[PDB]
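Only one chain comes next, encoded as structure tokens, the form deposited in one PDB entry.
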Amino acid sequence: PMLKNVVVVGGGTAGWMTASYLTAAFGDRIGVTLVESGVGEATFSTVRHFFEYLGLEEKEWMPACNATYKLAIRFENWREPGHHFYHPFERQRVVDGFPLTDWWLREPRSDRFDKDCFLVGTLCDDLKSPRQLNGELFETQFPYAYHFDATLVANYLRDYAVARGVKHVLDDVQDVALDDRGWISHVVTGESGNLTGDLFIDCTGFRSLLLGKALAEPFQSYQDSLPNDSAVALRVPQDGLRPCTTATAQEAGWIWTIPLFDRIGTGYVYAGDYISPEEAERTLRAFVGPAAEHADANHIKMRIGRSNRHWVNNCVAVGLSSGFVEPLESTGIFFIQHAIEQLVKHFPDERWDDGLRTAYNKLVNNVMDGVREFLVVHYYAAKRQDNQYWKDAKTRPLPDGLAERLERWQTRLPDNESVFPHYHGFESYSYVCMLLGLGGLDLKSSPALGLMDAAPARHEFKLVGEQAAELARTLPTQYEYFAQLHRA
């Protein structure tokens, strides 16, 4: 009753995360074939579980992939010029039923909520490793992630999967053939014949050769709510070893800084209706400085949105073929991992229960729609309205339900029951952090706090300061930690 063969079309992170995960889940019990013809990438909290599922320890794969830790995103110039705050991978401290951020909002202890309420922002400022020299994490309350070279990770996972039995075909796909039912029959390669199988995984990127082209599945654009449709990127050496991604708001988008161990990936995500590619490139080069003078710039047109369905007949799209949003909250690898994890969970047998597709498609659509709402909030709640781009960010049509949630958030800070009510990766603490940092909404603390005992909250504020000072004195820098791993 089980399927016998999976064909993954396309390599990169999408294809080789799929192939490697299938071998960890199913072993030799099903055949996997991948057909395929450095970029710094950031990740989201759940990626720790992907490597754990494959049995890979950080000390094994991080050195081979130029990887560093990502404890937070540093948001620069979204509220006002010269202002920054951290969005940390750090879950809430709750005191007598109220988050510490609620207590802070009632009586702010400084200009920086992220300094008073969190530990991780200070760790980023001090270039800290999250692991001590003794190998232990400093602490989960800290669901951190990584920066890595996506090409090196793809090669690492390729070696992992091929060593465990994945068949690797190096060739171009010239055509996709459908049978009389409209299911994928086979893929025509340039010089290796036609590859057939039970299940086809479309990892062909924006081109979406199987799902979007051969099967002609409609694609739902997000461009009306999120206008950024383009990017220009370059790479420079490390001078920068800060354990966070930086997102610096610009006149028509934002610039990412993604620190690898000895390289920095940087790029300008922008809206082509507001600025030209050559002006985006000029801005990016000036931002990076003299190190970018001779670096080669890569220009990218983005397909922003999601497929209407992600599993159609015997085809499942994974990666940019399934959907994409700008990497403002580093969701690319997250979308891939969610798609693979849910594919294993909803894996079909030879009877191809249509209910599996229905559930799978709803889960993916809810993840992507929920992330879309979260990103819209980034531009809506950003206080800056200095030009037409940042004014328009407040007048675009909002996704269903968001207008009501925005009103709830200006009564009490976001919690589990006032955010997008389906799984979409991000937890309520991320909403609270972004709203406080972006500064554009009229937020209010809970009136009940004026009747509560303040001693527990005041104790917690003092503890955060004492712990941040202890960690500043004890933790090594990322460089010091990685130098110790190299010596070991």
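One rule holds for the numbers: they count along the sequence shown, beginning at 1.
K.L.:
Counting only residues from the deposited sequence, how many are left out of the model between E404 and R405 (none, 1 to 3, 4 to 9, 10 or more)?
P.N.:
Gap size class: none, per the record.
K.L.:
Can you let me know which of the two, 366 to 374 or 284 to 292, has the higher average C-alpha B-factor in the entry?
P.N.:
Stretch with the greater average CA B-factor: 284 to 292.
K.L.:
Should the higher mean CA B-factor in the entry be assigned to 18 to 26 or to 475 to 483?
P.N.:
Stretch with the greater average CA B-factor: 475 to 483.
K.L.:
Whose CA atom has the top B-factor in the entry, of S230, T189, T331, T204?
P.N.:
Max CA B-factor in the entry, restricted to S230, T189, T331, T204: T189.
K.L.:
Among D224, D102, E279, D392, which residue carries the highest C-alpha B-factor recorded in the PDB entry?
P.N.:
Of the candidates given, the C-alpha B-factor peaks at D224.
K.L.:
Sort the modelled residues of this chain by their C-alpha B factor and say whether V47 lands in the lowest, middle or highest third.
P.N.:
Lowest third of the chain for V47's C-alpha B-factor.
K.L.:
Is the Cα B-factor recorded for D354 in the lowest, middle or highest third of its chain?
P.N.:
Highest third.
K.L.:
Of the three thirds of its chain by CA temperature factor, lowest, middle or highest, which one includes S37?
P.N.:
It belongs to the highest third of the chain when residues are ordered by C-alpha B-factor.
K.L.:
What third of the chain does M2 rank in for C-alpha temperature factor, lowest, middle or highest?
P.N.:
Its C-alpha B-factor, which the entry lists for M2, ranks in the highest third among residues of this chain.
K.L.:
Just say lowest, middle or highest third for the CA B-factor of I255 relative to the other modelled residues in its chain.
P.N.:
Its C-alpha B-factor belongs to the lowest third of this chain's values.
Form deposited with a small molecule bound: not shown, discussed below.
K.L.:
Within a 4.5 Å heavy atom cut-off, is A19 in contact with the small molecule in the deposited bound form?
P.N.:
No - in the deposited bound form, heavy atoms of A19 and the small molecule never come within 4.5 Å of each other.
K.L.:
Answer with yes or no whether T331 is in contact with the small molecule in the deposited bound form, where contact means some heavy atom within 4.5 Å.
P.N.:
Close contact exists here: in the deposited bound form, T331 approaches the small molecule to within 4.5 Å, heavy atoms only.
K.L.:
Residue-level question: is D386 within 4.5 Å of the small molecule in the deposited bound form, judged on heavy atoms?
P.N.:
Because no heavy atom of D386 falls inside 4.5 Å of the small molecule in the deposited bound form, the answer is no.
K.L.:
Considering only heavy atoms, tell me if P227 and the small molecule come within 4.5 Å of each other in the deposited bound form.
P.N.:
No, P227 stays farther than 4.5 Å from the small molecule in the deposited bound form.
K.L.:
Only one of 307 to 315, 171 to 179, 99 to 107, 397 to 405 has heavy atoms within 4.5 Å of the small molecule in the deposited bound form; I'd like to know which.
P.N.:
Result of the contact check: 171 to 179.
K.L.:
Can you confirm whether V39, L320 and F324, the three residues that make up this candidate site, all sit within 4.5 Å of the small molecule in the deposited bound form, judged by heavy atoms?
P.N.:
The answer is yes; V39, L320 and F324 each reach the small molecule.
K.L.:
Counting any non-hydrogen atom inside 4.5 Å, which residue from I258, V377, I73, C117 sits next to the small molecule in the deposited bound form?
P.N.:
Of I258, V377, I73, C117, the residue with a heavy atom within 4.5 Å of the small molecule in the deposited bound form is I258.
K.L.:
Could you check which residue among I264, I336, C124, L284 gets a heavy atom within 4.5 Å of the small molecule in the deposited bound form?
P.N.:
So the residue touching the small molecule in the deposited bound form, by this definition, is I336.
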